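Chains as they are written, first to last, in full-length UniProt numbering: chain A, 82 to 244; chain B, 294 to 406, 462 to 634; chain C, 1366 to 1414; chain D, 1610 to 1734, 1747 to 1757, 1789 to 1805, 1812 to 1846; chain E, 227 to 276, 301 to 412; chain F, 684 to 742, 764 to 780; chain G, 1220 to 1316.
Ideal Cβ positions, reconstructed from N, Cα and C, are used throughout, including at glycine.
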Amino acid sequence: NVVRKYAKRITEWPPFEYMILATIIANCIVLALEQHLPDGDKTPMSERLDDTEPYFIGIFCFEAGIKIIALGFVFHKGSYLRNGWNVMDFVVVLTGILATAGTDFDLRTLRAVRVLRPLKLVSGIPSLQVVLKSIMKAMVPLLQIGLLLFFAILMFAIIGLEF
Amino acid sequence: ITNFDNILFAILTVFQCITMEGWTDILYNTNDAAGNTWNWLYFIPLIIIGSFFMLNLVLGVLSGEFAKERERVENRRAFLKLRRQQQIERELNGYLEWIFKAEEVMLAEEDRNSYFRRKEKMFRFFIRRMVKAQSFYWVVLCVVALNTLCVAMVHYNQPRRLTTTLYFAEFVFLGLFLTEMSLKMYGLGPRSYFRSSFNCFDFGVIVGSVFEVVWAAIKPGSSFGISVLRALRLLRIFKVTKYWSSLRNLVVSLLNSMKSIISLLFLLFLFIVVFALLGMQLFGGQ
Amino acid sequence: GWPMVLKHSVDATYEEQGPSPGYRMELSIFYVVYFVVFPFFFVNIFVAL
Amino acid sequence: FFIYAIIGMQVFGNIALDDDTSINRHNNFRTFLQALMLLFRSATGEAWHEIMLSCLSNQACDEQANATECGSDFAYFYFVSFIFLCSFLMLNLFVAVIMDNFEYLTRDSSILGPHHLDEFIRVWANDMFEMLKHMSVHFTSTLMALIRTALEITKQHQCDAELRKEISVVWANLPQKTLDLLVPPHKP
Amino acid sequence: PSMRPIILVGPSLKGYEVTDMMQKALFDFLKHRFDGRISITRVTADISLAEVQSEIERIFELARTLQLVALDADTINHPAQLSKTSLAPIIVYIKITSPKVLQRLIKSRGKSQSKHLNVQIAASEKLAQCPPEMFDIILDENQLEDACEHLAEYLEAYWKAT
Amino acid sequence: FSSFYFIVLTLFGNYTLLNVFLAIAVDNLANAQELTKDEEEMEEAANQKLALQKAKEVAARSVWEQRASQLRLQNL
Amino acid sequence: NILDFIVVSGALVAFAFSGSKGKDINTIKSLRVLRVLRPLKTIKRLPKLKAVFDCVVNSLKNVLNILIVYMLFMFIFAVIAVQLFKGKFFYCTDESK
Ligand SMILES: CC(C)CCC[C@@H](C)[C@H]1CC[C@H]2[C@@H]3CC=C4C[C@@H](OC(=O)CCC(=O)O)CC[C@]4(C)[C@H]3CC[C@]12C
Ligand SMILES: COc1ccccc1-n1nc(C2CC(C)(C)OC(C)(C)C2)cc1-c1ccc(Cl)cc1
Ligand SMILES: CCCCCCCCCCCCCCCC
Ligand SMILES: CCCCCCCCCCCCCCCC
Ligand SMILES: CCCCCCCCCCCCCCCC
Ligand SMILES: CCCCCCCCCCCCCCCC
Ligand SMILES: CCCCCCCCCCCCCCCC
Ligand SMILES: [Ca+2]
């Protein structure tokens, strides 16, 4: 409740953050270590990489729980789901949890969101966040150029249909 | 896949022509299906309007945004702080030369009347005055230039007399540059030798060259090509030219914002990694 | 035609020998550094100047 | 493009077309228009090195041309210098266009410009109060007054003197009194 | 006196190796540039409080030969510290306009005076608030040669004047 | 419908790349230009003041750069 | 004026060597190609075309400092590449040999 909401704000002591960083790089290396074979074949080491997933999903869920109990959820106008980067972490962890539902259509499209886990490096290093904002600030004026390019492509595509 | 059989196919092939990738094969296909007299009026205007004109607009918008952002309050503050640092360092260098001349004349006066201390200190001052003299500059540039001539003429199937000649010339040049570093470091003092970033470059390059020599002694086959980077010391000829300030301040700005550059080449790496993992998910093994 | 040159560069065994696919695969870092420097950095340096 | 097309025609014009090479029925040098299309292809970077390698020395020469050996090792310089020069000249065109517009590209919404003038033309259709709410001797004096209120050059008499100085500096081409007549309306 | 004697002051406290060495380098240039035209002497008695009076007459009889006289004082760290005495030398000001280069220089100048940095910077600043007209010559240059030629040119002007 | 991967990767990778590297080049080159300009202006300013004081005792621009000055004034 | 003179001289020598003998075809064809500088004459005549040419030359001289650095860096990369892939770009039409 509220007696414990006071304590896990202290839990964000910097070694905890660097341990979350460490598990993020560990997950990135595990993802980069995979190899794909055509027709349902799989390598002898891909099984081990597939068994190492529950530790990662558990650590991410534990981190989300700490951030959800120490902070709010949506209510206090400052909380987990009211931060842009914390929403991406929530999507990643929630979808990883949902991928352990034992159905058919999940695996092909619910395993793909797992590639957004390297972006938790940006989500965990505020300097990278400000650098990313600097990058993306100069590409809002390019929206009109995007509309113009799409209009030119439409006109020339219509002409190509005609001829 | 590259046909105009539909609005979506037409959009896809037009977009592929926009990127100037395989836009002629699509043109050379309409030169066979129909005549070649009128097809260029569809593609040359398309290329001009989609790839040349749009690149022009993107460059203009980006440069305008850069000009607008650069002259804000915090960016201007950072630039003025950098300018202040440069001015302070220049004045401090001048005053340090003042004090060094004072040291020289004083030590000469006490020697005009522990003995090996005085001997070694006057030897140090003589070296430090030598390694800054204009003739040392020219002799070092001559050695560097004669080094690049010995690496620019390595070609396939070169005469065997040339291979041994350059093999021994590499050792001769490594010895000469190690001697030059030793004299310079003893004269200026190690704390001051690394005050100039280009001396850090030279030290790192000769260390890498020694590492390459050792590694080739162990395994003759491989060659890291680090001994060639000594050609970058030819770049000091700009010192005796009216264009030292521009290039030096470019390097100063780069080294100052070398943290905002590494954290830009990293976000690019993160996005390339994300797209690599996405491509492995989608097309992996298929 | 840079991917063709990259393929030849990686698939290069020794002096006066024919290729071998996938050999010397770490020689892509010569072509990643080169694009970082000349096509990406220096081109935009001229465009800015 | 003209110079390079003519050099290509007169040097690489009689290479025998072969659909297995990069000098084809599509990409030859045999006419001014085909050569100019080839140079436009090379400008956009479409396997221009392949064209160079198919334009080198010792190539099969066209049957109806008298010469037996056609093509030349001038292709290295031709193609490399064309890429360099075309890219440089198009960069200069891009930069000239960009700098012809640099006040638009670096525009601020708070600071005025031709946009305010056009919108005031729209105001033609009292409404001046509404536009003052909406802002960032009939339609010229008002324009001068609004420009004065936006950018600043007794202080009112000083502004009038500055307006007179500017009008004297930029007296129009063969006007009797164009800006001078505006000065009586621009004074207050 | 027949001539106004030369007095160096302005960087920081005399007796400390920073000011001592800067003034000594300028002094050595002034000596061996004007060989046969300037007199060299070292002064250790406090003129600002005027054994004390035993040397002022010595200054006159060097200053009475229509030749430049150099005063290697060891206690003057202020132009107004001497303003009450009638000796009236030229107050040459070896000025450095930014305290940060002074502090980094004190750091650069060995290890001993690193702990003497604070008081020396404070007194240098104290002299810095003094008005320029109290001084005779301002040495704002950072290069040795530029300051040397400036002082030498003013000395030539004084030589031609008298 | 698997060509959206390549369309997105060639749109958001040929303009983000350009944005990043052009930002680096423009920022650093403008800093260099302003540094050389300012150090030269200070050099003649100091030289003129020094000549005035020493004699007393003994007795265009590019469009980018003009627009930069205008932006400086406006932001000031 | 040098350009005009070389154009005219090339034309005249090409006319003079017209012996119809076939002794040298490479030389006469080169003297023909030298005619292509002929439209380059109208840039000295038109003042505005000359102004554009001068602006281009001014930009080239503005980037001449970094062009030297660029060619030095590319020389260094070329020498590294020669140390890496010298002699190794040989192959057979038969992949098995
Ligand atoms: C003075 C400093 C700035 C060094 C710059 C050197 C280069 C500008 C020059 C000097 C050495 C020259 C090289 C000397 C020898 C050769 C080998 C030569 O190879 C052959 O003879 C072909 C092979 C054969 O016939 O067997 C080809 C030109 C080349 C690379 C030359 C090209 C031009 C180089 C690189
Ligand atoms: C280092 O540069 C090169 C080196 C070799 C070949 C080509 C280039 N190259 N490529 C471009 C491009 C292409 C277009 C469409 C025109 O757009 C921009 C981005 C603006 C440039 C510009 C230059 C260039 C720059 C300066 C000089 Cl001296 C010579 C060439
Ligand atoms: C008989 C006609 C065969 C195909 C001819 C294609 C010509 C295409 C029409 C011209 C397209 C002009 C683009 C609009 C902008 C300049
Ligand atoms: C901003 C540029 C970042 C790009 C860095 C990665 C590009 C591809 C590198 C390929 C490395 C292959 C290593 C081979 C090991 C078996
Ligand atoms: C595994 C041995 C060879 C490694 C492949 C790359 C070697 C060269 C790396 C980059 C060297 C040039 C750096 C840029 C400075 C001009
Ligand atoms: C039939 C030709 C065989 C090779 C002869 C030509 C060799 C290369 C000549 C390059 C000339 C370039 C400079 C001329 C323009 C500045
Ligand atoms: C056997 C499967 C047949 C259908 C496959 C269609 C392609 C799958 C969707 C790919 C969409 C890529 C999205 C990338 C967004 C950045
Ligand atoms: Ca291409």
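Any residues in the stretch 385–406 of chain E with a beta carbon nearer than 9 Å to a beta carbon of chain F? Which ones, in chain order? Cβ contacts with chain F come from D386, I387, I388, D390, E391, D396, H400, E403, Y404, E406.
Would you check whether ligand 8 has a heavy atom nearer than 6 Å to the C-beta of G1654(D)? Yes - ligand 8 has a heavy atom lying nearer than 6 Å to the Cβ of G1654(D).
With DSSP collapsed to three states, give me the class of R376(B). DSSP, reduced to helix, strand and coil, places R376(B) within a helical segment of the structure shown.
According to DSSP, simplified to helix, strand and coil, what is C380(E)? In the structure shown, the three-state DSSP call for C380(E) is coil.
Can you pull the chain B residues whose beta carbon is under 7 Å from the beta carbon of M1646(D), in chain order? Neighbours of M1646(D) on chain B, chain order: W333.
Can you have a look at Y1379(C) and say buried or exposed, based on whether 16 or more other CB atoms are within 10 angstroms of its CB? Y1379(C) comes out exposed.
Is it true that the CB of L602(B) sits closer than 7 Å to the CB of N702(F)? No, Cβ-Cβ distance for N702(F) and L602(B) is not below 7 Å.
According to DSSP, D322(E) sits in a beta bridge with which residue or residues? Looking at the DSSP assignment, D322(E) forms a beta bridge with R268(E).
Any idea what DSSP makes of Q1668(D), helix, strand or coil? In the structure shown, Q1668(D) adopts extended strand secondary structure according to DSSP, grouped into three states.
What residue does the alpha helix (DSSP H) around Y688(F) start on, and which one ends it? 687–694 is the extent of the alpha helix (DSSP H) around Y688(F).
Complete runs of the beta strand (DSSP E) confined to the stretch 471–537 of chain B [at least 3 residues]: The stretch 471–537 of chain B is shown to contain no whole beta strand (DSSP E) run of 3 or more residues.
Quick check: what's the CA-CA separation for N1245(G) versus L1645(D)? Taking C-alpha positions only, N1245(G) is separated from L1645(D) by approximately 24 Å.
Say yes only if the C-beta of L616(B) is nearer than 6 Å to one or more non-hydrogen atoms of ligand 4, and no if none qualify. Yes, the Cβ of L616(B) comes within 6 Å of a heavy atom of ligand 4.
Do the stretch 235–246 of chain E and the stretch 354–362 of chain E meet, that is, are 3 or more Cβ pairs less than 8 Å apart? At 8 Å Cβ cutoff, the stretches touch.
So if DSSP puts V235(E) in a beta bridge, which residue, or which two residues, is it bridged to? Per DSSP, the beta bridge partners of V235(E) are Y343(E).
Where does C1311(G) sit, in a helix, a strand or coil, going by DSSP? In the structure shown, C1311(G) sits in coil (DSSP, three-state: anything other than H, G, I, E or B).
Can you name the residues of chain D whose CB is closer than 9 Å to the CB of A360(B)? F1711, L1714, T1715, listed in chain order.
I'd like the span of the beta strand (DSSP E) that includes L389(E), first residue to last. Boundaries of the beta strand (DSSP E) around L389(E): 387–389.
Where do the N-terminal and C-terminal ends of the alpha helix (DSSP H) with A764(F) fall, by residue? Element bounds for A764(F): n/a, residue is neither H nor E.
Distance, Cα to Cα, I1285(G) vs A764(F)? Approximately 22 Å, taken between the alpha carbons.
Between the Cα of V502(B) and those of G573(B), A624(B), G556(B), spot the shortest distance and give me the residue it belongs to. Nearest of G573(B), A624(B), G556(B) to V502(B), Cα basis: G573(B).
Would you kindly report the start and end of the unbroken alpha helix (DSSP H) that includes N1281(G)? Counting along the chain, the alpha helix (DSSP H) containing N1281(G) begins and ends at 1266–1281.
Taking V351(E) as the reference, which of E396(B), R377(B), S571(B) has the closest Cα? The shortest Cα separation from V351(E) among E396(B), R377(B), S571(B) belongs to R377(B).
Could you give the residue range of the alpha helix (DSSP H) that holds residue 1811(D)? Between 1805 and 1812 in chain D the model has nothing, and residue 1811(D) is one of the residues in that span.
So if I measure from each beta-carbon to every heavy atom of ligand 6 and keep distances below 7 Å, which residues remain? This selection yields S1666(D), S1681(D), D1682(D), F1683(D), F1686(D), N1245(G).
According to DSSP, is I1624(D) helix, strand or coil? Residue state, collapsed to three classes: strand.
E98(A), DSSP secondary structure in three states: In the structure shown, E98(A) adopts helical secondary structure according to DSSP, grouped into three states.
Taking just the CA atoms, how far does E1391(C) sit from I690(F)? Distance between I690(F) and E1391(C), taken at the CA atoms: about 29 Å.
Enumerate in chain order the residues of its own chain whose CB-to-CB distance from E375(E) is below 8 Å, with the five nearest sequence positions on each side excluded. Beyond the five residues adjoining it in sequence on each side, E375(E) comes within less than 8 Å, by CB distance, of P349 in the same chain, given in chain order.
Touch test, the stretch 133–145 of chain A against the stretch 167–181 of chain A, Cβ-Cβ under 8 Å, three pairs minimum: Contact between the stretch 133–145 of chain A and the stretch 167–181 of chain A is established, with three or more Cβ pairs separated by less than 8 Å.
Considering only the beta carbon of each residue, do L1665(D) and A1652(D) sit closer than 7 Å? With contacts defined as CB atoms closer than 7 Å, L1665(D) and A1652(D) fail to qualify as a contacting pair.
Does the stretch 336–347 of chain E come within contact of the stretch 379–388 of chain E, defined as at least 3 CB pairs closer than 8 Å? Three or more beta-carbon pairs drawn from the stretch 336–347 of chain E and the stretch 379–388 of chain E are found closer than 8 Å, and the two stretches are therefore classed as touching.
Residue ranges of each alpha helix (DSSP H) run of no fewer than 4 residues wholly in the stretch 324–402 of chain B, ordered along the chain? List check, alpha helix (DSSP H) in window: 333–340, 346–363.
Under the three-state reduction of DSSP, which class applies to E1678(D): helix, strand or coil? For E1678(D), the three-state secondary structure derived from DSSP is strand.
Out of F1610(D), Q1643(D), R1716(D), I1616(D), which has the shortest C-alpha to C-alpha gap to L1626(D)? For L1626(D), the closest alpha carbon among the candidates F1610(D), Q1643(D), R1716(D), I1616(D) is that of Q1643(D).
Reducing DSSP to helix, strand and coil, say where residue 1741(D) ends up. Coordinates for residue 1741(D) are lacking, as chain D steps from 1734 to 1747 with nothing built in between.
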